[PDB]
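Peer 1: Supplied in structure tokens, the structure appears directly below.
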Amino acid sequence: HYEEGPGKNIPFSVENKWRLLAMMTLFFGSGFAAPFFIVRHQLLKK
Amino acid sequence: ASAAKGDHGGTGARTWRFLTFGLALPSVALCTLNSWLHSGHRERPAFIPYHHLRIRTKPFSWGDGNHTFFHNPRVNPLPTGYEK
Amino acid sequence: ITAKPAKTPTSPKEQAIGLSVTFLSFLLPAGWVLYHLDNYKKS
Amino acid sequence: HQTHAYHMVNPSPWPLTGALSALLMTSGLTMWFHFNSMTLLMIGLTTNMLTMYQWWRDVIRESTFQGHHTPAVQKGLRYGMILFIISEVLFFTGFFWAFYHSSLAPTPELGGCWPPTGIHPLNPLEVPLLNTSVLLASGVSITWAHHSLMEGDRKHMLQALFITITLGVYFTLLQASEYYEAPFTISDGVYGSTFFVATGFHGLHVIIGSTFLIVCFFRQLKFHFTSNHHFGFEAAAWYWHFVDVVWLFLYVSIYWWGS
Amino acid sequence: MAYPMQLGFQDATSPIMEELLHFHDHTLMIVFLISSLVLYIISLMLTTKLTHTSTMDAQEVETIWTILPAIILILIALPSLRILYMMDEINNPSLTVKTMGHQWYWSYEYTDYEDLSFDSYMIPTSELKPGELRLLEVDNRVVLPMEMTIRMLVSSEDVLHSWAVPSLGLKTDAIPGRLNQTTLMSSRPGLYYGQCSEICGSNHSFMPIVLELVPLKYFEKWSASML
Amino acid sequence: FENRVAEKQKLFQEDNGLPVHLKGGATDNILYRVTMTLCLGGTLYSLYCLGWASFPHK
Amino acid sequence: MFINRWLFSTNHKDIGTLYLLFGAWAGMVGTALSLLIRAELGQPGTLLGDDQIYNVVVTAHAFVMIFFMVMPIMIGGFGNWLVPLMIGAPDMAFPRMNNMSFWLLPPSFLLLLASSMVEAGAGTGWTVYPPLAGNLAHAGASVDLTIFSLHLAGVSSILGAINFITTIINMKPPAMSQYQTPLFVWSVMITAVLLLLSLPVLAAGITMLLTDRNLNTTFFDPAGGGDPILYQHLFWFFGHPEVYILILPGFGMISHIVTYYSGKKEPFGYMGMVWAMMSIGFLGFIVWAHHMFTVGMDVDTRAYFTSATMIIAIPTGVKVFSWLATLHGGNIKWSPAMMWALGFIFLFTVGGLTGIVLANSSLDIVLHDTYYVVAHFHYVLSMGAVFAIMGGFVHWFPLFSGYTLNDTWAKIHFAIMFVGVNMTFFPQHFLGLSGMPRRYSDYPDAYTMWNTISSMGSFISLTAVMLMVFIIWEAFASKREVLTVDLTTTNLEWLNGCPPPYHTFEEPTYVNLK
Amino acid sequence: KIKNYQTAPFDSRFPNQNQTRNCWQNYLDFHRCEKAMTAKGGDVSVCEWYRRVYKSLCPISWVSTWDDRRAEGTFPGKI
Amino acid sequence: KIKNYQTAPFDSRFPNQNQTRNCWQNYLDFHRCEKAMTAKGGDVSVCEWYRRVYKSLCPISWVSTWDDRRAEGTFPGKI
Ligand SMILES: CCCCCCCCCCCCCCCCCC(=O)OCC(COC(=O)CCCCCCCCCCCCCCCCC)OC(=O)CCCCCCCCCCCCCCCCC
Ligand code: HEA
Ligand code: HEA
Ligand SMILES: CCCCC/C=C\C/C=C\C/C=C\C/C=C\CCCC(=O)O[C@H](COC(=O)CCCCCCCCCCCCCCCCC)COP(=O)(O)OCCN
Ligand SMILES: CCCCC/C=C/C/C=C/CCCCCCCC(=O)O[C@H](COC(=O)CCCCCCCCCCCCCCC)COP(=O)(O)OCC[N+](C)(C)C
Ligand SMILES: CCCCCC/C=C/CCCCCCCCCC(=O)O[C@H](COC(=O)CCCCCCCCCCCCCCC)COP(=O)(O)OC[C@@H](O)CO
Ligand SMILES: CCCCCC/C=C/CCCCCCCCCC(=O)O[C@H](COC(=O)CCCCCCCCCCCCCCC)COP(=O)(O)OC[C@@H](O)CO
Ligand SMILES: CCCCCC/C=C\CCCCCCCCCC(=O)O[C@H](COC(=O)CCCCCCCCCCCCCCC)COP(=O)(O)OC[C@@H](O)CO
Ligand SMILES: CCCCCCCCCCO[C@@H]1O[C@H](CO)[C@@H](O[C@H]2O[C@H](CO)[C@@H](O)[C@H](O)[C@H]2O)[C@H](O)[C@H]1O
Ligand SMILES: CCCCCCCCCCO[C@@H]1O[C@H](CO)[C@@H](O[C@H]2O[C@H](CO)[C@@H](O)[C@H](O)[C@H]2O)[C@H](O)[C@H]1O
Ligand SMILES: CCCCCCCCCCO[C@@H]1O[C@H](CO)[C@@H](O[C@H]2O[C@H](CO)[C@@H](O)[C@H](O)[C@H]2O)[C@H](O)[C@H]1O
Ligand SMILES: C[C@H](CCC(=O)O)[C@H]1CC[C@H]2[C@@H]3[C@H](O)C[C@@H]4C[C@H](O)CC[C@]4(C)[C@H]3C[C@H](O)[C@]12C
Ligand SMILES: C[C@H](CCC(=O)O)[C@H]1CC[C@H]2[C@@H]3[C@H](O)C[C@@H]4C[C@H](O)CC[C@]4(C)[C@H]3C[C@H](O)[C@]12C
Ligand code: CUA
Ligand SMILES: [Cu+2]
Ligand SMILES: [Mg+2]
Ligand code: NA
Ligand code: NA
């Protein structure tokens, strides 16, 4: 069986709040950054 | 309604087999006969390069780009007409 | 709702850290791209 | 341990392989249309077939071999199949709409008439009528199969189902020959567009339906169905009647009224 | 044309656009009243310590909030449709002008008598004469007689466009293979501006419409100088 | 043919902890690894193709 | 174990969590796109490029917000978490197919990102109208990748609709009639029926566009006798139902939130709320051509569509007044979720009312394809759909996670967001009335002041989004574990604790018939 | 004769916003009439109304394309 | 042109035993043509082929009734 309870029903760890801050920052930041980098790619192509 | 016949005394496998062999497959046999008679190649019509036909806005992704998928040389002209 | 007290309470200093890191992770990469817009348009 | 009648399914890889197969088929079509290569598309088609094979294999394992299809579970699958057929009806409705839109208001490029100038339609009294008798006949023979199964008659169930499949194959071969013989093509304007995309998606559903009946045929040979429990057969018959009804609408609309 | 800090419609230049302003005034009053009533009632529900939490009967009050909105809708629909149908009224134009959209400019055809046609391109910001309007001026304006019923026919030679002139109440899509008709009638001389109103690619923002409304005698002099 | 459903019922109800998609035995693992290898490899390949198509190719 | 649990799931709660994560990430993408839009328009002139790159951003903004943020959150996330709990069911009807509805969405999103990376992107508008979207004006793979992206998203939602309808009809306790199920469950069922019927028509339309682009069909090409306006009919036959799909689960969550924080055991006028949602769903299929009042349709057709569109105000107004009547007499708890719901009620009403302005085909000549439309739909989407999402997220986060948020921070977040969205979209009414077109990268000078204010508002909303991420972090960082929740007697989804066990209702509830 | 032509009058056959068929019909009518006056003992001046109406209503590029296709033998309408 | 007219030729539009519509159509065409010609001051001689075909095909009493109804203002076909 699987682990149950607060912090165990999620595909990411909340054991260490600073490791968590890094994960959430890469997660949400990567989604927010992508359109900026796609626009850059298109402006750089020609 | 509109046809005829007249069972419905109790539906079952025997009745549907009766319909299969006594009405449905005979129908198919008759239409197969009818189709086997009115076959035979019609004369193909003069090519006219109508602009609403033989559309080519992008080449097809097979062959030389200019043949439809089930191209029949006898009856399907290219944009430039029938092939040799 | 009622809750137990925080198992690992997050002090005001800790919150200022997480909040700044969070804001920075949005602002810096986009800022970098936007700052360099001119350096892309002439290419 | 549960005291409800519903099915808790084992964790399964097939949702993920099916999702990825869709990625590979669509990126594959993109690569074929624009970068002159079939590789990705071939991979996606293969992983799609593998996914469907293993997924429906498991459903058979869960039901015939493990007993998980209680009446409640079967009632859910009945709803799911009906809803699925409804979504397929509405898919076809879009292509009928396109057909009537174009044919009821033919534009000047056509000659302002329907069929368009230069279009010579098939005779609907020839192979299209034969096709109609073929699929109507298969609706009679699948109904015989259904009653034979319910009456516990293995031999006649198999015979009737075999006849049904044979008629579905006959339709498919007749339609392939009509496609080759047609003097107009998918590129012949909106007449060719509506004709081949609508009957082509119908033809695909005939092949899907026949494949499903063929699965049922081999499961019947292996004694999977009981006289009362046989939802794969019921679902394939409903799907087959759907395919037959879509054909009738095609025949009246595109072949007959549209000629 | 629009002016800085404008809140509402451009001033009406045709009788139909005046009708629309009066109709919008009517409808916006209703919008303000309903939005404000909802805001008020929210604040009213939230500002008492009195309670009533048992089951409330709903039948009586739902008659009110179905019949009242139904009446309000009818009081909007009635003037709306009247204007709709008056726009469609047979008017017998004295002049027909065609416009064809392209990527990214408009062409005009005046072919009632002579075969006059021309293209109409935005003036680039770098070529504007002083005091002319950024993104709005064109090199060749749609010269038209004022105080006369004009049939505009609209189509396209490539992708969708849409031919709009807000102060006359005009917006007609420009669809290849299709000839769309609208009617144009200016109460006043002047210059009246519009912009392409269906996304049509790279320079959608930069293919404006400029009508130049002049007295009939001047329009006739202009047509004659095109020979 | 003869009715061997009971043998399959015994096979697929065996308490061996296997999930249904592997409970058939070793052939299931093979078919699964083929399927998953093609899906993951094809996906990587599709990513490579995106990389290729994202830039002008002379 | 990790792969089994999170890639091979057959669990409605875990799949709901996957959808909430996916949709939160998509929301970041769609926010970034919205900021690029408003940066381009934030001062007159050109920032990025011409209308192509601009409208690739516009087009992507819309698809991401609709298909990857709202629908996955509302239906995939809250639907999968809450629907089985609210009816005492042990999972969804098709728990394995449920997982494929989820896993189709990362490939769908991948196809959309690919469309914007190859060639010059799909700068078509989310409507993807031909001929601009065809193979001459948009040669190359971008539009095809966009079509395939929609195909995958469509299959995901069609199969999810089948799952939800089946679950809701078939898996209630035997004593529970449909008129004893909670309004959120109703709202999901009706949304699912709308998806089931509308998405296949979109699929037909975009497949015809695909074949016009690649197989030399001419459904939409006058040269072959086709018609660009047929595509519009097929698209909007789906696209008007689609906006009701976007709001109906929000209506259902608002009903639960307003009831809960009013201290009530039930919403006012339950059967009226069911009637109104079913009426909205039905009327939502017979109005689509109000998106085509300037294409040149006959006047009688425009008169019909004007009138039929306005009818929807009547059931919608029943729901608004019934939420108000739920507040009435309540012991009001001014929780953050309640604030979101109250903002929903007012701001959704404003957007609905400008929808009724637009319903008038005569006035819509002047307002069509202007920012007045943009203002209408962002009031119902950015301040309706999104406010319902935020209210549901703050309300149910302790159930899904086991942890409480900091309410003061959540109230701050609400306040910032409220200012930002209104500053962004209220001036867009003026821009539309005075004639600013949609899908423009730059505007005549007169329009500068309101575009400037609107762009400044978009930055305030960005600050709220960043703050939201911090707030979620702080709750998982501090780990305040839930003890007790009030009103469980009328909110069944809470009664198995927070978070509920992996398997719930293994022994079903007991409900007798009498 | 019966002239004073300013522009095409309202035509109850074509009362809606889509005027495509009105342009097409007068183009056809003119060329049908013109063909009839040439193959017989008559003169094209009788065809003049249709000429004016279609010249007024029809986009120059439609006329030009239709003319080219009549010359080519690919005009799909019957004349 | 085609003189030495003997009788009405086969007409693919009316290939069946029922020829009512053939008589009717040529009767309409002739009188339509004659109205167009007489108005614009042309020559009705170009209408002659329709005149010969309808006189060959149509019963005398039909033509006579139709003529009477045209003169009365009760002819239900469009001329
Ligand atoms: C409504 C959503 C909340 C919005 C919050 C932000 C906006 C403030 C609330 C806004 C204050 C409420 C009253 C609306 C003010 C509009 C100004 C106006 O004169 O409107 C004029 C018309 C066109 O009219 C004309 O032809 C101009 C003739 C008169 C011009 C006189 C010149 C000087 C007047 C000064 C006015 C400057 C306005 C600048 C305004 C600059 C805004 C940034 O424009 C329009 O239709 C725009 C309206 C679109 C339809 C939506 C209405 C829904 C909101 C009503 C409930 C609000 C409750 C309180 C509000 C409660 C909030 C909780
Ligand atoms: C959540 C999304 C959502 C919702 C719910 C709605 C709801 C409505 N929408 Fe809209 N709409 C969009 C999203 C939405 N819309 C989108 C995305 C577009 C643009 C597509 C594009 O072009 O890209 C659009 C475009 C759009 C147009 C086309 C405008 C144009 O392009 O020119 C029209 C026209 O009729 C319209 C009307 C309406 C109406 C009448 C409603 C009604 O359902 C509103 C009913 C609600 C009320 C009326 C308020 C509550 C009622 C009361 C308090 C009772 C009293 C009220 C009265 C008596 C009036 N919408
Ligand atoms: C749901 C739909 C949605 C939403 C939410 C938004 C949000 C925003 N939109 Fe959107 N927009 C559209 C749908 C949406 N839009 C559509 C359909 C179009 C038309 C496209 C076309 O013309 O083809 C459009 C067009 C459009 C334009 C017009 C472009 C033009 O005509 O050129 C503009 C311009 O300002 C704009 C701006 C914004 C802004 C500033 C926001 C901001 O308010 C966004 C701010 C941030 C949020 C609302 C939060 C984001 C959400 C989350 C982070 C979820 C968090 C997750 C959990 C809690 C689990 N949009
Ligand atoms: C019974 C006999 C017929 C059986 C069916 C045959 C195949 C149909 C397959 C699916 C139909 C779907 C796509 C329809 C595309 C057109 C195929 C129409 C059927 C067909 O086969 O049409 C042929 C053209 O095929 C062509 O272009 C090339 C076709 C191959 C490429 C197809 C690529 C497009 C795939 C798009 C799929 C979209 C799926 C969307 C699902 C979304 C669900 C929500 C016609 O041949 P022709 O030479 O032009 O004229 C005959 C002249 N002698
Ligand atoms: C554009 C359209 C705009 C539309 C605007 C419409 C506004 C409508 C507002 C009108 C509401 C009028 C409702 C009147 C119902 C009152 C019934 C009642 O008064 O409540 C009681 C029953 O309540 C019950 O089930 C029901 C109890 C009261 C609840 C009745 C409905 C409540 C409505 C609340 C409305 C909030 C605002 C809505 C939005 C406008 C009966 O009370 P009695 O004292 O006789 O005996 C009780 C006490 N003893 C013990 C001393 C006997
Ligand atoms: C269950 C059914 C399965 C399907 C079987 C096939 C049935 C086909 C019915 C098709 C009827 C519509 C066909 C319309 C096509 C146009 C035909 C037409 O318009 O024909 C006219 C009569 O039409 C007419 O349909 C008269 C129409 C009504 C005729 C009805 C005939 C069959 C009746 C059966 C009723 C059964 C009961 C049904 C209720 C359950 C006759 O005039 P033309 O022939 O023009 O001759 C003029 C030329 O000779 C010279 O210029
Ligand atoms: C040349 C060859 C090309 C082939 C291309 C591939 C296409 C073919 C797909 C054909 C579909 C085959 C479906 C086989 C399903 C087998 C599993 C099954 O039938 O499972 C049955 C349950 O049904 C269920 O899940 C019902 C499951 C419903 C499946 C419906 C499938 C329709 C699929 C259409 C997909 C594409 C749609 C088209 C889009 C354009 C199992 O229950 P029972 O039967 O009661 O047995 C239990 C008793 O034994 C107990 O006593
Ligand atoms: C251009 C290309 C774009 C699209 C690419 C293709 C995208 C998808 C790849 C799909 C691969 C499908 C793989 C097989 C799926 C089988 C699903 C199925 O059969 O699901 C069943 C439920 O749906 C039911 O019945 C009834 C419904 C059966 C649905 C079968 C699959 C249809 C997939 C396509 C449908 C498209 C929509 C068609 C209309 C437009 C069983 O549900 P489970 O949760 O599994 O089990 C429950 C257990 O109790 C069983 O014992
Ligand atoms: C953040 C998550 C986003 C996910 C979305 C996908 C975005 C991926 C965009 C990648 O963009 C590329 O980045 C390169 C950077 O290496 C650029 O090369 C450019 O820059 C290089 C590095 O400085 C030079 O060496 C090259 O010559 C020059 O063309 C290139 O134009 C650009 O297309
Ligand atoms: C629309 C959403 C985005 C809102 C805007 C975010 C606000 C800006 C946040 C910070 O962004 C940073 O700005 C620096 C400048 O302040 C940049 O340094 C750049 O400029 C510096 C100062 O000129 C140099 O030292 C650096 O080397 C050079 O990369 C740096 O790249 C960028 O990360
Ligand atoms: C392990 C799981 C599955 C992973 C599978 C990985 C498949 C990788 C195969 C790569 O082979 C490429 O195939 C391309 C197409 O795919 C070829 O392009 C070719 O393909 C075309 C069609 O046959 C020709 O038109 C072109 O000349 C030519 O560039 C190209 O040469 C070659 O590098
Ligand atoms: C009859 C039905 C269910 C009642 C029940 O069994 O509880 C109720 C529920 C909602 C009701 C409707 C809504 O209250 C909206 C409308 C209110 C008007 O006062 C009558 C018609 C009106 C359209 C109502 C008719 C009918 O009384 C409905 C449809
Ligand atoms: C083998 C099986 C006998 C029943 C049993 O296995 O006990 C019999 C019964 C019905 C038979 C099938 C049916 O008669 C229908 C088909 C008849 C054709 O001759 C082809 C084979 C065909 C498919 C038969 C194959 C085989 O002989 C079947 C399958
Ligand atoms: Cu032309 Cu927009
Ligand atoms: Cu709509
Ligand atoms: Mg438009
Ligand atoms: Na059965
Ligand atoms: Na700009």
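Identifiers in this document derive from the order of the structure tokens: chains are assigned A, B, ..., residues are numbered from 1 separately in each chain, and ligands are numbered from 1 in order of occurrence.
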Show me which bits of chain B are within 12 Å of chain G, counting only C-alpha atoms, as a ChimeraX atom specification.
Peer 2: /B:50-62,65-69
Peer 1: Selection from above, N, CA, C and O atoms, as a CSV table (one decimal), in the first residue's frame, can you write it?
Peer 2:
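Saved file result.csv follows:
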```
chain,number,residue,atom,x,y,z
B,50,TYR,N,-11.4,22.6,-65.3
B,50,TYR,CA,-12.2,23.3,-64.3
B,50,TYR,C,-11.4,23.7,-63.1
B,50,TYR,O,-10.6,22.9,-62.6
B,51,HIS,N,-11.5,25.0,-62.7
B,51,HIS,CA,-10.7,25.4,-61.6
B,51,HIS,C,-11.2,25.0,-60.2
B,51,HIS,O,-10.5,25.2,-59.2
B,52,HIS,N,-12.4,24.6,-60.1
B,52,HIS,CA,-12.9,24.1,-58.9
B,52,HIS,C,-12.7,22.6,-58.7
B,52,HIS,O,-13.1,22.0,-57.6
B,53,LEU,N,-12.0,21.9,-59.6
B,53,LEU,CA,-11.7,20.5,-59.5
B,53,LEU,C,-10.2,20.3,-59.5
B,53,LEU,O,-9.4,21.2,-59.8
B,54,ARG,N,-9.7,19.1,-59.2
B,54,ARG,CA,-8.3,18.8,-59.2
B,54,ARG,C,-7.5,19.8,-58.4
B,54,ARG,O,-6.5,20.4,-58.9
B,55,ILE,N,-8.0,20.2,-57.2
B,55,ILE,CA,-7.4,21.2,-56.4
B,55,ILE,C,-6.0,20.8,-56.0
B,55,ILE,O,-5.8,19.7,-55.5
B,56,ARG,N,-5.1,21.7,-56.0
B,56,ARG,CA,-3.7,21.5,-55.5
B,56,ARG,C,-3.3,22.8,-54.8
B,56,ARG,O,-2.7,23.7,-55.4
B,57,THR,N,-3.5,22.9,-53.5
B,57,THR,CA,-3.0,23.9,-52.7
B,57,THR,C,-1.7,23.6,-51.9
B,57,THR,O,-1.0,24.4,-51.5
B,58,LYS,N,-1.4,22.3,-51.8
B,58,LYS,CA,-0.2,21.8,-51.2
B,58,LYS,C,0.0,20.4,-51.8
B,58,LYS,O,-1.0,19.7,-52.0
B,59,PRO,N,1.2,20.0,-52.1
B,59,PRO,CA,1.4,18.6,-52.6
B,59,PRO,C,1.0,17.6,-51.7
B,59,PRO,O,1.2,17.7,-50.4
B,60,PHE,N,0.4,16.5,-52.2
B,60,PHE,CA,0.1,15.3,-51.3
B,60,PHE,C,1.3,14.8,-50.7
B,60,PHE,O,2.4,14.8,-51.4
B,61,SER,N,1.3,14.2,-49.5
B,61,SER,CA,2.4,13.7,-48.8
B,61,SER,C,2.9,12.3,-49.2
B,61,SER,O,3.5,11.6,-48.4
B,62,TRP,N,2.6,11.9,-50.5
B,62,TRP,CA,3.0,10.6,-51.0
B,62,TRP,C,3.3,10.7,-52.5
B,62,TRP,O,3.0,11.7,-53.1
B,65,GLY,N,3.4,13.8,-55.2
B,65,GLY,CA,2.7,15.0,-54.7
B,65,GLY,C,1.5,15.4,-55.5
B,65,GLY,O,0.7,16.2,-55.0
B,66,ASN,N,1.3,14.8,-56.7
B,66,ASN,CA,0.2,15.3,-57.6
B,66,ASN,C,-0.8,14.2,-57.9
B,66,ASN,O,-1.7,14.5,-58.7
B,67,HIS,N,-0.7,13.0,-57.2
B,67,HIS,CA,-1.7,11.9,-57.4
B,67,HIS,C,-2.5,11.7,-56.2
B,67,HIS,O,-1.9,11.7,-55.1
B,68,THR,N,-3.8,11.6,-56.3
B,68,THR,CA,-4.6,11.3,-55.1
B,68,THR,C,-4.4,9.9,-54.6
B,68,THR,O,-3.7,9.1,-55.3
B,69,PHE,N,-4.8,9.6,-53.4
B,69,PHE,CA,-4.4,8.4,-52.7
B,69,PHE,C,-4.9,7.1,-53.5
B,69,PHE,O,-4.1,6.1,-53.5
```
Peer 1: Give the residues close to ligand 3, within 7 Å, counting only C-alpha atoms and all ligand atoms; write them as a PyMOL selection string.
Peer 2: chain G and resi 20-21+23-24+27-28+30-31+34-35+37-38+55+58-59+61-63+65-66+69-70+73+125-127+371+374+378+381-382+385-386+389-390+393+421+424+438-441+458+461-462+465
Peer 1: Report as a PyMOL selection string the set of chain E residues whose atoms approach chain H to within 7 Å, with distances computed over only C-alpha atoms.
Peer 2: chain E and resi 92+94-96+98+111-112+178-182
Peer 1: Pull N, CA and C atoms from the residues just selected and write them as a compact mmCIF listing (two decimals), in the first residue's frame.
Peer 2:
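The result, stored in result-v4.txt:
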```txt
# COMPACT_ATOMS: atom_id res chain seq x y z
N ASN E 92 -32.94 52.28 -51.66
CA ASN E 92 -32.63 52.71 -53.01
C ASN E 92 -31.44 53.65 -53.04
N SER E 94 -28.11 55.69 -54.44
CA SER E 94 -27.82 56.39 -55.70
C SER E 94 -26.45 56.05 -56.26
N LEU E 95 -25.64 55.30 -55.52
CA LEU E 95 -24.25 55.05 -55.85
C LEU E 95 -23.91 53.72 -55.20
N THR E 96 -23.14 52.89 -55.90
CA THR E 96 -22.56 51.67 -55.33
C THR E 96 -21.05 51.78 -55.40
N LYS E 98 -17.56 49.38 -54.20
CA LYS E 98 -17.05 48.12 -53.68
C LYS E 98 -15.76 48.40 -52.93
N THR E 111 -17.72 51.53 -60.04
CA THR E 111 -17.91 51.03 -61.42
C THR E 111 -19.34 51.18 -61.90
N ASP E 112 -20.11 52.08 -61.27
CA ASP E 112 -21.45 52.40 -61.76
C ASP E 112 -21.40 52.92 -63.20
N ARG E 178 -17.46 36.08 -51.33
CA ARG E 178 -18.72 36.57 -50.82
C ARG E 178 -18.81 38.07 -51.01
N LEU E 179 -19.98 38.58 -51.38
CA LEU E 179 -20.16 40.01 -51.59
C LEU E 179 -21.15 40.50 -50.54
N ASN E 180 -20.65 41.10 -49.45
CA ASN E 180 -21.50 41.60 -48.37
C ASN E 180 -21.88 43.06 -48.60
N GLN E 181 -23.14 43.37 -48.35
CA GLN E 181 -23.72 44.67 -48.59
C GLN E 181 -24.03 45.39 -47.29
N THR E 182 -23.75 46.68 -47.24
CA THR E 182 -24.25 47.51 -46.17
C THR E 182 -24.58 48.86 -46.82
```
Peer 1: Mind checking which residues fall within 6 Å of region 36-47 of chain D, counting only C-alpha atoms, ignoring those fewer than 6 positions away in the same chain, and posting them as an mmCIF file with N, CA, C and O atoms, in the first residue's frame?
Peer 2:
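Contents of part01.cif, freshly written:
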```cif
data_model
loop_
_atom_site.group_PDB
_atom_site.id
_atom_site.type_symbol
_atom_site.label_atom_id
_atom_site.label_comp_id
_atom_site.auth_asym_id
_atom_site.auth_seq_id
_atom_site.Cartn_x
_atom_site.Cartn_y
_atom_site.Cartn_z
ATOM 1 N N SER D 21 0.923 7.370 -27.139
ATOM 2 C CA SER D 21 0.657 6.978 -28.534
ATOM 3 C C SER D 21 -0.069 8.099 -29.277
ATOM 4 O O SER D 21 0.217 8.371 -30.446
ATOM 5 N N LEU D 24 2.540 10.542 -30.295
ATOM 6 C CA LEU D 24 3.349 10.041 -31.402
ATOM 7 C C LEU D 24 2.541 10.026 -32.698
ATOM 8 O O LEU D 24 3.070 10.340 -33.755
ATOM 9 N N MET D 25 1.252 9.696 -32.650
ATOM 10 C CA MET D 25 0.479 9.713 -33.903
ATOM 11 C C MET D 25 0.300 11.136 -34.418
ATOM 12 O O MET D 25 0.364 11.372 -35.625
ATOM 13 N N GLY D 28 3.512 12.482 -35.368
ATOM 14 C CA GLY D 28 3.797 11.692 -36.548
ATOM 15 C C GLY D 28 3.096 12.232 -37.783
ATOM 16 O O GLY D 28 3.708 12.353 -38.849
ATOM 17 N N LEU D 29 1.794 12.547 -37.671
ATOM 18 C CA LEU D 29 1.097 13.122 -38.838
ATOM 19 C C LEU D 29 1.745 14.426 -39.256
ATOM 20 O O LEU D 29 1.876 14.693 -40.453
#
```
Peer 1: So how far away is CA of residue 150 (chain E) from CA of residue 132 (chain E), in Å?
Peer 2: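 Between CA of residue 132 (chain E) and CA of residue 150 (chain E) the gap works out to 27.2 Å.
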Peer 1: Kindly provide, as a CSV table (one decimal) with C-alpha atoms, in the first residue's frame, all nucleotide and amino acid residues lying within 6 Å of ligand 5, counting only C-alpha atoms and all ligand atoms.
Peer 2:
```csv
chain,number,residue,atom,x,y,z
E,55,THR,CA,-35.3,26.3,5.5
E,56,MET,CA,-36.7,29.2,3.4
E,57,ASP,CA,-39.5,28.8,0.9
E,58,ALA,CA,-38.5,29.9,-2.6
E,61,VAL,CA,-39.9,35.0,-4.7
E,64,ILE,CA,-40.5,37.9,-9.1
E,65,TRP,CA,-37.0,37.2,-10.2
E,68,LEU,CA,-39.2,41.0,-13.7
E,69,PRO,CA,-36.1,40.0,-15.8
G,321,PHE,CA,-30.7,36.0,-6.6
G,324,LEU,CA,-28.1,36.4,-2.5
G,325,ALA,CA,-31.0,34.7,-0.8
G,328,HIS,CA,-29.8,36.3,3.6
```
Peer 1: Using only C-alpha atoms and all ligand atoms, which protein or nucleic acid residues are at most 6 Å from ligand 12, as a list in words?
Peer 2: residues 62, 63 and 66 of chain E; 271, 272 and 275 of chain G
Peer 1: I'd like to know which of G:497, G:106, G:252, G:437 is closest to chain A, using only C-alpha atoms.
Peer 2: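 Ranking G:497, G:106, G:252, G:437 by distance to chain A, first place goes to G:497.
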Peer 1: Hey, what's within 10 Å of residue 221 (chain D) if we count only C-alpha atoms and toss same-chain stuff fewer than 3 positions away? As a list in words, please?
Peer 2: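 After dropping sequence-adjacent residues, the list is residues 154, 155, 157, 158, 215, 216, 217, 218, 224 and 225 of chain D; 1, 2 and 3 of chain F.
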